[PDB]
C-alpha cells in the first residue's frame, strides 16, 4: 500500500504485487474488482477491449470492468455477470430487451425477425418488448404500431 499496490507515473495507473510484479496485457482482480492492463502495464480506463475470448469488454474512467446495464456514449449495453458484452435477447425484470448483434447497443422502435425467420418482435422507443402490439393500416398500406 506504499511501494506495493496502485501506482501512478503520470501517463496512467499500474499495480505492484509483493512479487508477482505488475500485470500487463491481462485481466486482474483487485479488492474484488476486475481491471485490464495494456501491454505496457497501464490500466485501461474508459475504453472498449475485444478480448481473447471473442468478447467485448468495457472499462469506465475508473478502470472497473462493466457489469450489467451501462450507458456509454448515449447508448445502452448489457454486460453479463462476467463482463462480456451480450448481444441478442436479454431478460430484464418483467420484460425483454434486444441488443444489436453487430454493435451490441440496445435496439428500440424496431422490428426484430424471429429466430426461425418466420415472424417478428417489435421493441418500443424505450427498448422494451411489446407483449401486446397494436396495428393500424391505412389505404396506401402504411402501418402504425403501438
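Positions refer to the first chain, counted from 1.
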Greater mean Cα temperature factor according to the PDB record, 9-17 or 123-131: 9-17
Stretch with the higher entry mean CA B-factor, where the candidates are 53-61 and 24-32: 24-32
Chain third (lowest, middle, highest) by recorded CA B-factor, residue given as residue 102: highest
Third of chain Cα B-factors occupied by residue 70: middle
Third of the chain, ranked by Cα B-factor, where residue 93 sits: middle
